[PDB]
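Convention: sequence-line order gives letters A, B, ...; per-chain numbering from 1.
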Amino acid sequence: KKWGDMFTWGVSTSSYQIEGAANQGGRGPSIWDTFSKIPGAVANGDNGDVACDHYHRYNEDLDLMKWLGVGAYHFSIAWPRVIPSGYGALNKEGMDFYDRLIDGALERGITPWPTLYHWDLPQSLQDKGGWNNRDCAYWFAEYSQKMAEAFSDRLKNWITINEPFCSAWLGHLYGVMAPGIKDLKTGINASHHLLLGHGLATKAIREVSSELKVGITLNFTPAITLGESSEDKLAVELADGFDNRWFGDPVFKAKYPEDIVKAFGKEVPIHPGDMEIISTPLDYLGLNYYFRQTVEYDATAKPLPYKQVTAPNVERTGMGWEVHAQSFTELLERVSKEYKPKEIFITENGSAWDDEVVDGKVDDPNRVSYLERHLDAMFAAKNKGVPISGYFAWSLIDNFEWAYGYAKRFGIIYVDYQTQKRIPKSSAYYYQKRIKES
Amino acid sequence: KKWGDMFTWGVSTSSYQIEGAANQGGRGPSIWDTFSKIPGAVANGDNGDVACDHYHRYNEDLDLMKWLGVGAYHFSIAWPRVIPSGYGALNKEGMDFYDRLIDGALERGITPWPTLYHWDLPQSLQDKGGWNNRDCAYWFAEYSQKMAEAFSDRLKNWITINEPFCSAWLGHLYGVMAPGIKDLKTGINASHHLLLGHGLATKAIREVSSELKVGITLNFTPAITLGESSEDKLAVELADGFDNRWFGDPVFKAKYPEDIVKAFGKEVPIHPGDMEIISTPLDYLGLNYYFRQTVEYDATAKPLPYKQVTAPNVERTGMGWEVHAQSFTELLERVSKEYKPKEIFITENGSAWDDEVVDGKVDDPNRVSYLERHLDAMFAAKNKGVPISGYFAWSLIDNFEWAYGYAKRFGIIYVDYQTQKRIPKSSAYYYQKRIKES
Amino acid sequence: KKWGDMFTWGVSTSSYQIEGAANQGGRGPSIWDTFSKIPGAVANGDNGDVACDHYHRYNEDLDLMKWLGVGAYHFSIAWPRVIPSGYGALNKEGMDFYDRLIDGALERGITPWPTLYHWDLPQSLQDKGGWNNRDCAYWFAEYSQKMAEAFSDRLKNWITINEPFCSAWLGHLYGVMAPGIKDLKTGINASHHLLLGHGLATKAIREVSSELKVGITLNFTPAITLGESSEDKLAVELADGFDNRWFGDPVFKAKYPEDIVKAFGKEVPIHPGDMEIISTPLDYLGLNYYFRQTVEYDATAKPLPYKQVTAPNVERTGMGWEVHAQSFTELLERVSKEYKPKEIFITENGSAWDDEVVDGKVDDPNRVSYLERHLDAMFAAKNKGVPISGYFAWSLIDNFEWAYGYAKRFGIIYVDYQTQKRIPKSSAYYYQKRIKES
């Protein structure tokens, strides 16, 4: 720690999870509007039609960010709000919303960090195959260029896509996220076109202005096993390849992990130039971390011969996810050594617990404890030399947690969905203190 | 200095010294209401009936704290305001006041740090023997548990008692503070029941919720001598034992200092189990420091054979207290090595000088200089590895300085008692700068 | 970097460059009011009659400082506004303006840092010879004492004069700044009387109160050559002596550089006591840096045998000034070794570029880049042990850039002179981020 070093504190959200106004302001439907209408797809039949009504309440939320003292707000632009047909005319009303949001953040001293793709693909493009269609990578790059042309006079730090693991595998192989497809080959195609879209968008953004910075957000789930057999060690290697190296290796090493390619037995649809584009240099890696996975070998499992294990006697959040902050330190060290990103921003970390409103307040000590321990673990890595330049808490506010719906609350600020009232939780006051006093 | 380390800047007050409204809002009398009615007990016949009228003016005072930029407000709860009879019924109007104060601080981003006992024992309990009565330790612990039950949803860092040296020795041996008693055995009893109350309250607070942190505040007065004789060196040891080790050794070593016990020749009323309670582990030590004492041997002095000396040719405050910041560094190092508290917060440090209002302003360069030098001395200890986690300036505002009355002004903000106007002094602007720029 | 170390972030302006109200509020004319009426003296015939109208709009400018988050505001007092006759009666209306400015800054948590002389000598004193007249040093010291008597209850950190290189050589030898004289002996006389005025004023300020701190602001222009001949190396020494050592050596070494004295062939008008006064100890050096100069030997040049060279293929600002941040680091190290000031404040650093307003906003990436690189270079020196205690950006707002007029914009905030609207530039948002996150 020397004179001149900086560190950025932020909060993170995404468009479909908070905005609402799903059928207002000219917005066209996304794959999540469609998916959340399918009986059984989302807990309690929840959807994002209203969410946190942030489309109308953004000034209140920006005021809460200023009150917390964050220097940065990591948010996503809803592609179907700004280009409802996916590829074609801009929706001026949608662009004006993001102008008002950005200008309001800047007036309050907050730097907006936009993510271009946080899972809300326009249904108009899914009707053409979505991410299974190679053209979707190019449609995304054109949308990205239009956003940079409109907003990069003010916004200098961009993220292309968020968590391709979820969009590709959960959305096209396991079918538990939109668009709900269940096919390995489609998942492989989608993974390649998400990554190609990232690379094409990066190049397009840089053509707008050479001062702009660009990265990608990857979630990493470190894998362990409780067994000692050679096959259980193989299970760890397979899970790590499927979750992590499948996406990190193309970006930083210009190739897919050969052990996983071989185990799939399928071809990735790589065309000339693709791997050069996907591996284009980035200004930073956005890293998301929540938990580690415990696995064991299972010869009957598909597409790869391993299964998840629920380890006994470990601390778990309201999601059932293991709490293990030491894995965060070790992951940060591993990524820095293995992939050597120029710098790292924690674009998401946080936890969900059963919250109760008592006397108009929300006391959430389990969320405070998770936050304290994960900030400590992150700084332990920074003190070892890992170039972590900022931390963005997921999330500012409780919101639509995808297939879990509204029942799973990640906010440091509580949202009463009956009234839309925001109530800062104990974790908000803790985070506010950490921002000021570090 | 490494990534993740934090430091807390605060200001400190106490309830009887600032609140006023002594016979309003359901408050019952304290031993200081009674003591201040006795001619000769307090300079100028001053009392705390009105003080700074903070009970009515707290919003203005919170606004001044936000303007200073402090992250923390160290305050005390008036036991006789919330439980006028000492044990038994809660006074709703008093509890509501502290709720409003706490909620107002949090709205402004300020963490309230409550002290449960800052010398205003309910007169109803003094009528039953006060701290001479072992039951007072249990009455205090029950009061503490009720406060944690009411406020610990928001308040996570607690202090039990403040400066038992003053309550025990000055209040029961020298009779210069309330309740004005002058008896060595009573002072010994009171010291044990204050410390036992601390331990019982700590255990009771932790039973409310396991996330809560608890400490005690001790003032330390380092002792030196100008002489070279062996008896003058003994005088230093005795004065150090009387002022400092008598209270620190029970808390951190589970025993009273044997040399002082022997010199007193009296029994401490220790019941089996008491020392384990008194020495229960703490999250932090609150340390108060203002000055060092100079002593010499005096065979005629009681209860111990030493006397205070007024060393010649040294800088002194308006209290007549020596200014010697290097002693602060050495004290912090000594406490850290001898008692090994997990962390230390400076809960009080400051100085009093004759202030003059000129053109509606107060320029107080001697207070600025004391503050600068003592902050430098504190950071010198931190740079040697002492875990000092925060500094709270005594005081936000001029107030009732106990037996000195209002004539002695410790505020960084001046109070005109005729109008209750608050005027920030030069020291307020200096402290505001230090909070921002360190 | 250790615990307790502080760093001050500021912005800088000067009175004639921003205030306007040149013939209002009792102000008398300065030498710049006169000079800017001379055809050909100032680009576009610009003058400071209106400037940024800060005399009326200071509340808005102070609000912008608070919004940026600076802790300090470096400004100058207009001698002809407060004493229109130069020596004699105070203009109460002018003094009241500075009271309002100072009190407004303090209400916002901003420490004002006054410069007493930033080039706007009263014309009433120029009519008596200005800085050519030795009495001007004493007139300046009397003015300085009156300002300290009025304002030092609040203002503790003073600067006497700013950039005597400009007032002496550009104003009296080259005639490109007011008062427009072109005579070497007059320039020598002026340089000595400026420096004597600095010393006399320092002594007078300290007589007002011993807590007050005083420094001087010097601009340094490091010199290099592209040639290898011994005569080109001599050119570097001459340029360094003329620009830098002529003013630094009297202040820190109590003598004028003998090589330059010999080359001028003229006597400096040194009287008994002068060099002791000029070299009086200072609490800090205010350092101004913008660029390095490239020179070569030229036997025909006067007063010294060197000329400026425009080095090929280097980055340059809108002023034509080379951008070379590494020279800033090396200058700071050299000053610390050569002159050993107790501490250094960067009282000015910044850059000018042609700005364009697009959609009501100003995106100035070249100014951002200069700022980023010069802050990095400054902190590189601090990390080597140079005692740089703060940085003041020139300037908060676009203003009257002397003989260049309004066409040259140094602000991080744009001023539309038709409307007086202030528009924060991208560089303002960058500086705001750096202040918060370092």
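- C:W3 places a side-chain heavy atom less than 4.5 Å from the side chain of B:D5.
- By the 6.0 Å contact criterion, CZ on B:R434 is enclosed, its count of non-hydrogen atoms from other residues, nucleotides or ligands being greater than 12.
- Listed options B:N383, B:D363, B:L375, B:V358 were ranked by heavy-atom pairs under 4.5 angstrom with chain C; first place goes to B:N383.
- With rounding to the nearest 0.5 Å, the separation of OH in B:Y429 from CD in C:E107 is 7.5 Å.
- The neighbour count for C:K1 NZ, taken as heavy atoms of other residues, nucleotides or ligands under 6.0 Å away, is above 12.
- Both the backbone and the side chain of C:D153 come within contact range of chain B, each with at least one heavy atom under 4.5 Å from a heavy atom of that chain.
- Put simply, the side chain of B:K433 never gets that close to the backbone of C:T8: no donor and acceptor are under 3.5 Å apart.
- The environment of C:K203 atom NZ is dense: over 12 non-hydrogen atoms of other residues, nucleotides or ligands sit within 6.0 angstrom.
- Both the backbone and the side chain of B:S438 come within less than 4.5 Å of a heavy atom of chain C.
- Here NZ of B:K361 is found 6.0 Å from CG of C:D103. Values are rounded to the nearest 0.5 Å.
- With a 4.5 angstrom heavy-atom cutoff, C:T111 touches chain B only via side-chain atoms.
- Between the CD atom of C:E211 and the CD atom of B:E372 there is a distance of 11.5 Å, given to the nearest 0.5 Å.
- What you find for C:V70 and B:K436 is that their closest heavy atoms are C-CE, 4.1 Å.
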Derivation and outcome, side chain to side chain contact (heavy atoms under 4.5 Å, CB included), residues B:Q432 and C:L106: CA-CA 10 Å; B:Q432 177 185 62; C:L106 291 176; over 6 Å; no

